[PDB]
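Visitor: One file is attached below, model.cif, containing mmCIF, N, CA and C atoms and all ligand atoms.
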data_data
#
loop_
_atom_site.label_atom_id
_atom_site.label_comp_id
_atom_site.auth_asym_id
_atom_site.auth_seq_id
_atom_site.Cartn_x
_atom_site.Cartn_y
_atom_site.Cartn_z
N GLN F 1002 0.82 -1.20 0.00
CA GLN F 1002 0.00 0.00 0.00
C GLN F 1002 0.86 1.26 0.00
N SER F 1003 1.94 1.26 0.79
CA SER F 1003 2.84 2.41 0.78
C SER F 1003 3.46 2.62 -0.60
N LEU F 1004 3.91 1.54 -1.23
CA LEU F 1004 4.53 1.67 -2.55
C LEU F 1004 3.54 2.21 -3.57
N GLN F 1005 2.29 1.75 -3.51
CA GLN F 1005 1.27 2.24 -4.42
C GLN F 1005 1.06 3.74 -4.25
N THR F 1006 0.99 4.19 -2.99
CA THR F 1006 0.83 5.62 -2.75
C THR F 1006 1.98 6.41 -3.36
N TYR F 1007 3.21 5.94 -3.13
CA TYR F 1007 4.37 6.65 -3.66
C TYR F 1007 4.33 6.73 -5.18
N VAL F 1008 3.98 5.62 -5.83
CA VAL F 1008 3.96 5.60 -7.29
C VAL F 1008 2.93 6.59 -7.83
N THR F 1009 1.74 6.61 -7.23
CA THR F 1009 0.72 7.54 -7.71
C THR F 1009 1.18 8.99 -7.56
N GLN F 1010 1.76 9.32 -6.40
CA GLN F 1010 2.23 10.68 -6.19
C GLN F 1010 3.29 11.05 -7.23
N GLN F 1011 4.22 10.14 -7.49
CA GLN F 1011 5.27 10.42 -8.47
C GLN F 1011 4.68 10.63 -9.86
N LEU F 1012 3.68 9.84 -10.23
CA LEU F 1012 3.07 10.02 -11.55
C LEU F 1012 2.45 11.41 -11.68
N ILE F 1013 1.72 11.85 -10.66
CA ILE F 1013 1.10 13.18 -10.74
C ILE F 1013 2.17 14.26 -10.86
N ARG F 1014 3.23 14.15 -10.05
CA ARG F 1014 4.30 15.13 -10.13
C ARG F 1014 4.94 15.14 -11.51
N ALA F 1015 5.11 13.96 -12.11
CA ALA F 1015 5.69 13.88 -13.44
C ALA F 1015 4.82 14.59 -14.46
N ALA F 1016 3.50 14.42 -14.36
CA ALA F 1016 2.61 15.15 -15.26
C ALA F 1016 2.78 16.65 -15.11
N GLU F 1017 2.85 17.13 -13.87
CA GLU F 1017 3.01 18.57 -13.66
C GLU F 1017 4.31 19.05 -14.30
N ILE F 1018 5.39 18.29 -14.10
CA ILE F 1018 6.68 18.68 -14.65
C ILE F 1018 6.66 18.68 -16.17
N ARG F 1019 5.95 17.72 -16.77
CA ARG F 1019 5.83 17.71 -18.22
C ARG F 1019 5.13 18.95 -18.73
N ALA F 1020 4.07 19.38 -18.04
CA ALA F 1020 3.39 20.61 -18.45
C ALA F 1020 4.34 21.80 -18.38
N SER F 1021 5.10 21.90 -17.29
CA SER F 1021 6.06 22.99 -17.17
C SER F 1021 7.09 22.94 -18.29
N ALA F 1022 7.58 21.75 -18.61
CA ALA F 1022 8.58 21.61 -19.66
C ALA F 1022 8.03 22.02 -21.02
N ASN F 1023 6.78 21.67 -21.30
CA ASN F 1023 6.18 22.09 -22.56
C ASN F 1023 6.09 23.61 -22.64
N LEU F 1024 5.68 24.25 -21.55
CA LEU F 1024 5.65 25.71 -21.55
C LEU F 1024 7.04 26.28 -21.79
N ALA F 1025 8.04 25.71 -21.13
CA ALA F 1025 9.41 26.19 -21.31
C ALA F 1025 9.87 26.03 -22.75
N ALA F 1026 9.52 24.90 -23.37
CA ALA F 1026 9.91 24.67 -24.76
C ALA F 1026 9.28 25.70 -25.68
N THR F 1027 7.99 25.99 -25.48
CA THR F 1027 7.36 27.01 -26.30
C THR F 1027 8.01 28.37 -26.09
N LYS F 1028 8.34 28.70 -24.84
CA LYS F 1028 9.01 29.97 -24.56
C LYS F 1028 10.34 30.05 -25.29
N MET F 1029 11.13 28.98 -25.21
CA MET F 1029 12.41 28.96 -25.91
C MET F 1029 12.22 29.13 -27.40
N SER F 1030 11.20 28.47 -27.95
CA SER F 1030 10.98 28.53 -29.39
C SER F 1030 10.59 29.93 -29.84
N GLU F 1031 9.77 30.63 -29.06
CA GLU F 1031 9.22 31.89 -29.54
C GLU F 1031 9.99 33.12 -29.07
N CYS F 1032 10.34 33.21 -27.79
CA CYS F 1032 10.96 34.43 -27.28
C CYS F 1032 12.45 34.53 -27.59
N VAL F 1033 13.09 33.44 -28.00
CA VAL F 1033 14.52 33.44 -28.28
C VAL F 1033 14.81 33.38 -29.77
N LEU F 1034 14.17 32.45 -30.48
CA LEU F 1034 14.46 32.28 -31.90
C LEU F 1034 13.89 33.40 -32.75
N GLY F 1035 13.07 34.28 -32.18
CA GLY F 1035 12.51 35.36 -32.95
C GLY F 1035 11.92 36.41 -32.04
N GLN F 1036 11.27 37.39 -32.66
CA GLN F 1036 10.63 38.49 -31.94
C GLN F 1036 9.14 38.19 -31.80
N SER F 1037 8.67 38.10 -30.57
CA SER F 1037 7.28 37.79 -30.30
C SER F 1037 6.45 39.06 -30.21
N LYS F 1038 5.16 38.93 -30.51
CA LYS F 1038 4.22 40.03 -30.38
C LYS F 1038 3.26 39.87 -29.21
N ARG F 1039 3.09 38.66 -28.69
CA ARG F 1039 2.23 38.47 -27.54
C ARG F 1039 2.77 39.25 -26.35
N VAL F 1040 1.90 39.99 -25.69
CA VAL F 1040 2.31 40.83 -24.57
C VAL F 1040 2.42 39.97 -23.32
N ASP F 1041 3.41 40.27 -22.49
CA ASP F 1041 3.67 39.62 -21.21
C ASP F 1041 4.05 38.15 -21.34
N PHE F 1042 4.18 37.63 -22.56
CA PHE F 1042 4.64 36.26 -22.70
C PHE F 1042 6.14 36.14 -22.53
N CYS F 1043 6.89 37.14 -22.98
CA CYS F 1043 8.35 37.14 -22.92
C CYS F 1043 8.87 38.25 -22.02
N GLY F 1044 8.25 38.43 -20.87
CA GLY F 1044 8.67 39.44 -19.93
C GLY F 1044 7.81 40.69 -20.00
N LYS F 1045 7.81 41.44 -18.90
CA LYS F 1045 6.99 42.63 -18.79
C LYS F 1045 7.46 43.69 -19.78
N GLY F 1046 6.51 44.37 -20.42
CA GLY F 1046 6.82 45.42 -21.36
C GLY F 1046 6.93 44.91 -22.78
N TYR F 1047 7.43 45.78 -23.64
CA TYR F 1047 7.62 45.42 -25.04
C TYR F 1047 8.85 44.54 -25.16
N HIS F 1048 8.70 43.40 -25.83
CA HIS F 1048 9.79 42.44 -25.93
C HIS F 1048 10.74 42.78 -27.08
N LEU F 1049 12.03 42.54 -26.85
CA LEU F 1049 13.05 42.78 -27.86
C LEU F 1049 13.80 41.52 -28.25
N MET F 1050 14.35 40.79 -27.28
CA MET F 1050 15.04 39.54 -27.55
C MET F 1050 15.13 38.77 -26.24
N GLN A 755 0.46 2.42 14.56
CA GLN A 755 1.20 1.30 14.01
C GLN A 755 1.27 1.33 12.49
N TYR A 756 0.45 2.14 11.84
CA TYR A 756 0.51 2.32 10.40
C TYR A 756 1.52 3.38 9.98
N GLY A 757 2.40 3.79 10.87
CA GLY A 757 3.47 4.69 10.49
C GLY A 757 2.95 6.09 10.26
N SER A 758 3.54 6.78 9.29
CA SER A 758 3.27 8.19 9.05
C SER A 758 2.36 8.39 7.84
N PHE A 759 1.44 7.46 7.61
CA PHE A 759 0.55 7.56 6.46
C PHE A 759 -0.30 8.82 6.52
N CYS A 760 -0.49 9.38 7.71
CA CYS A 760 -1.34 10.55 7.87
C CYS A 760 -0.69 11.81 7.31
N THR A 761 0.63 11.93 7.50
CA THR A 761 1.32 13.18 7.21
C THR A 761 1.24 13.53 5.73
N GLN A 762 1.41 12.54 4.85
CA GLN A 762 1.37 12.85 3.43
C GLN A 762 -0.01 13.32 2.99
N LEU A 763 -1.07 12.73 3.53
CA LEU A 763 -2.41 13.20 3.19
C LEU A 763 -2.60 14.65 3.62
N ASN A 764 -2.21 14.96 4.85
CA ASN A 764 -2.32 16.34 5.31
C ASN A 764 -1.52 17.27 4.40
N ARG A 765 -0.31 16.85 4.04
CA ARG A 765 0.56 17.68 3.21
C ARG A 765 -0.05 17.92 1.84
N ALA A 766 -0.62 16.88 1.23
CA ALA A 766 -1.22 17.03 -0.09
C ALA A 766 -2.42 17.97 -0.05
N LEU A 767 -3.27 17.83 0.97
CA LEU A 767 -4.40 18.74 1.07
C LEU A 767 -3.93 20.18 1.25
N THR A 768 -2.91 20.38 2.07
CA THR A 768 -2.37 21.73 2.25
C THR A 768 -1.81 22.27 0.94
N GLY A 769 -1.15 21.42 0.17
CA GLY A 769 -0.63 21.85 -1.12
C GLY A 769 -1.73 22.31 -2.05
N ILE A 770 -2.83 21.56 -2.11
CA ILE A 770 -3.97 21.99 -2.92
C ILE A 770 -4.50 23.33 -2.43
N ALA A 771 -4.59 23.48 -1.11
CA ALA A 771 -5.10 24.72 -0.53
C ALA A 771 -4.26 25.91 -0.97
N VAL A 772 -2.94 25.77 -0.93
CA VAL A 772 -2.07 26.86 -1.34
C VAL A 772 -2.17 27.09 -2.85
N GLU A 773 -2.31 26.01 -3.62
CA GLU A 773 -2.37 26.13 -5.07
C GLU A 773 -3.57 26.95 -5.51
N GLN A 774 -4.70 26.82 -4.81
CA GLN A 774 -5.87 27.60 -5.18
C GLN A 774 -5.61 29.10 -5.09
N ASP A 775 -5.05 29.54 -3.96
CA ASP A 775 -4.74 30.96 -3.81
C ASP A 775 -3.69 31.40 -4.81
N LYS A 776 -2.72 30.53 -5.11
CA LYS A 776 -1.74 30.87 -6.14
C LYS A 776 -2.42 31.11 -7.48
N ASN A 777 -3.38 30.25 -7.83
CA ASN A 777 -4.10 30.42 -9.09
C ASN A 777 -4.83 31.76 -9.12
N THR A 778 -5.53 32.09 -8.04
CA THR A 778 -6.26 33.35 -8.02
C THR A 778 -5.32 34.54 -8.18
N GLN A 779 -4.22 34.53 -7.41
CA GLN A 779 -3.25 35.62 -7.49
C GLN A 779 -2.70 35.76 -8.90
N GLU A 780 -2.33 34.64 -9.52
CA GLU A 780 -1.76 34.71 -10.85
C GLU A 780 -2.76 35.23 -11.87
N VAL A 781 -4.02 34.80 -11.77
CA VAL A 781 -4.96 35.15 -12.82
C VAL A 781 -5.49 36.57 -12.66
N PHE A 782 -5.43 37.15 -11.46
CA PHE A 782 -6.02 38.48 -11.31
C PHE A 782 -5.05 39.58 -10.94
N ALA A 783 -3.97 39.29 -10.21
CA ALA A 783 -3.03 40.33 -9.81
C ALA A 783 -2.08 40.64 -10.96
N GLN A 784 -2.63 41.31 -11.98
CA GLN A 784 -1.87 41.63 -13.18
C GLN A 784 -1.50 43.09 -13.30
N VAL A 785 -2.05 43.96 -12.46
CA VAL A 785 -1.78 45.39 -12.51
C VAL A 785 -1.23 45.84 -11.17
N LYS A 786 -0.14 46.60 -11.20
CA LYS A 786 0.52 47.03 -9.98
C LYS A 786 -0.18 48.19 -9.29
N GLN A 787 -1.10 48.88 -9.96
CA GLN A 787 -1.74 50.06 -9.41
C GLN A 787 -3.25 49.91 -9.50
N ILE A 788 -3.95 50.92 -8.99
CA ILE A 788 -5.40 50.99 -9.03
C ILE A 788 -5.79 52.26 -9.77
N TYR A 789 -6.65 52.13 -10.77
CA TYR A 789 -7.14 53.28 -11.51
C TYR A 789 -8.64 53.43 -11.31
N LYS A 790 -9.13 54.64 -11.54
CA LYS A 790 -10.56 54.93 -11.48
C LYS A 790 -10.96 55.74 -12.69
N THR A 791 -12.12 55.42 -13.25
CA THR A 791 -12.64 56.19 -14.36
C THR A 791 -13.01 57.60 -13.90
N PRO A 792 -12.88 58.60 -14.77
CA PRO A 792 -13.30 59.94 -14.40
C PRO A 792 -14.81 60.00 -14.23
N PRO A 793 -15.31 60.90 -13.39
CA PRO A 793 -16.77 61.01 -13.22
C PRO A 793 -17.50 61.36 -14.50
N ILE A 794 -16.83 62.00 -15.45
CA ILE A 794 -17.45 62.33 -16.72
C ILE A 794 -17.50 61.08 -17.59
N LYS A 795 -18.67 60.82 -18.18
CA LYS A 795 -18.89 59.67 -19.04
C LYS A 795 -18.84 60.02 -20.52
N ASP A 796 -18.24 61.15 -20.87
CA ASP A 796 -18.17 61.60 -22.26
C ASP A 796 -17.18 60.71 -23.00
N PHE A 797 -17.71 59.69 -23.67
CA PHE A 797 -16.91 58.76 -24.46
C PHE A 797 -17.40 58.71 -25.90
N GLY A 798 -17.77 59.87 -26.44
CA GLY A 798 -18.19 59.94 -27.82
C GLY A 798 -19.42 59.13 -28.15
N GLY A 799 -20.29 58.89 -27.17
CA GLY A 799 -21.48 58.10 -27.38
C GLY A 799 -21.38 56.66 -26.96
N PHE A 800 -20.25 56.24 -26.39
CA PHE A 800 -20.07 54.88 -25.94
C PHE A 800 -20.47 54.77 -24.47
N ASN A 801 -21.30 53.78 -24.17
CA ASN A 801 -21.89 53.61 -22.85
C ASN A 801 -21.28 52.37 -22.21
N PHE A 802 -20.84 52.51 -20.96
CA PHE A 802 -20.22 51.40 -20.24
C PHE A 802 -20.85 51.18 -18.87
N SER A 803 -22.03 51.77 -18.63
CA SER A 803 -22.68 51.61 -17.34
C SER A 803 -23.01 50.15 -17.06
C1 LIG F 1101 -26.22 54.02 -20.50
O1 LIG F 1101 -27.13 52.93 -20.57
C2 LIG F 1101 -28.05 52.86 -19.47
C3 LIG F 1101 -28.86 51.60 -19.68
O2 LIG F 1101 -28.02 50.47 -19.85
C4 LIG F 1101 -28.90 54.12 -19.44
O3 LIG F 1101 -29.75 54.07 -18.29
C5 LIG F 1101 -31.12 54.25 -18.72
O4 LIG F 1101 -31.50 55.63 -18.69
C6 LIG F 1101 -32.85 55.86 -19.12
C7 LIG F 1101 -33.06 57.36 -19.11
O5 LIG F 1101 -31.95 58.02 -18.51
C8 LIG F 1101 -33.83 55.12 -18.21
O6 LIG F 1101 -35.15 55.29 -18.71
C9 LIG F 1101 -33.48 53.64 -18.17
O7 LIG F 1101 -34.31 52.97 -17.23
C10 LIG F 1101 -32.02 53.44 -17.79
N1 LIG F 1101 -31.67 52.03 -17.81
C11 LIG F 1101 -31.04 51.42 -16.80
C12 LIG F 1101 -30.75 49.96 -17.00
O8 LIG F 1101 -30.72 52.02 -15.78
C13 LIG F 1101 -28.01 55.35 -19.36
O9 LIG F 1101 -28.79 56.53 -19.46
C14 LIG F 1101 -26.99 55.34 -20.50
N2 LIG F 1101 -26.08 56.47 -20.38
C15 LIG F 1101 -25.56 57.09 -21.43
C16 LIG F 1101 -24.65 58.24 -21.13
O10 LIG F 1101 -25.82 56.75 -22.58
#
Would you mind writing the file's structure down as structure tokens?
Ligand SMILES: *[C@@H]1O[C@H](CO)[C@@H](O[C@@H]2O[C@H](CO)[C@@H](O)[C@H](O)[C@H]2NC(C)=O)[C@H](O)[C@H]1NC(C)=O
Guide:
Amino acid sequence: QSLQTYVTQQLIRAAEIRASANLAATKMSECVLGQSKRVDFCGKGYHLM
Amino acid sequence: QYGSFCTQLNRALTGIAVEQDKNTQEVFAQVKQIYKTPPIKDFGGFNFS
């Protein structure tokens, strides 16, 4: 029962981390490789690089 | 005799509790100041009442 609890908790944490990683990947793709127009996506104010 | 099975449940519920307030803060605390509309409603015919 203890092992089952640990495995479930780890799975949920892994899902959360995957979501964060996907957001980070999109940020790297858009705010670094080019100039973005979405406001507040690449830092407060008008984005430059 | 079942060990510390209680502590993780308490911890997880507390984590959810904090996450809710974090969500509210993130989704609404987007402006550093407070503004007020002028008492005059002269907006060229546009009504916002
Ligand atoms: C803005 O719109 C509101 C209605 O949404 C107007 O209020 C109405 O005013 C008339 C006459 O002044 C009343 O007969 C109505 O009962 C009011 N409606 C409500 C819902 O209160 C208001 O006058 C408009 N203001 C401007 C500047 O256009």
Visitor: In Å, with one decimal, what is the gap from atom CA of residue A:785 to atom CA of residue F:1044?
Guide: 14.1 Å
Visitor: Go ahead and compute the interatomic distance for atom N of residue A:779 and atom N of residue F:1042, in Å to one decimal.
Guide: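 Interatomic distance, atom N of residue A:779 to atom N of residue F:1042: 17.6 Å.
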Visitor: Can you tell me which residues come within 8 Å of ligand LIG 1101 (chain F) when counting all atoms listed in the file, ideally as a PyMOL selection string?
Guide: chain A and resi 795-797+799-803
Visitor: One number please: atom N of residue F:1009 to atom CA of residue A:756, in Å, one decimal.
Guide: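 For atom N of residue F:1009 relative to atom CA of residue A:756, the distance reads 18.2 Å.
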Visitor: Go through chain F residue by residue and, counting only C-alpha atoms, keep those with an atom at most 10 Å from chain A; for each kept residue give the shortest atom pair and its distance in Å to one decimal, ordered by chain and increasing number, as a Markdown table.
Guide:
| residue | atom | partner | partner_atom | distance |
| --- | --- | --- | --- | --- |
| F:1002 | CA | A:759 | CA | 10.0 |
| F:1003 | CA | A:759 | CA | 8.0 |
| F:1006 | CA | A:759 | CA | 9.4 |
| F:1007 | CA | A:762 | CA | 9.9 |
| F:1010 | CA | A:766 | CA | 9.5 |
| F:1041 | CA | A:784 | CA | 10.0 |
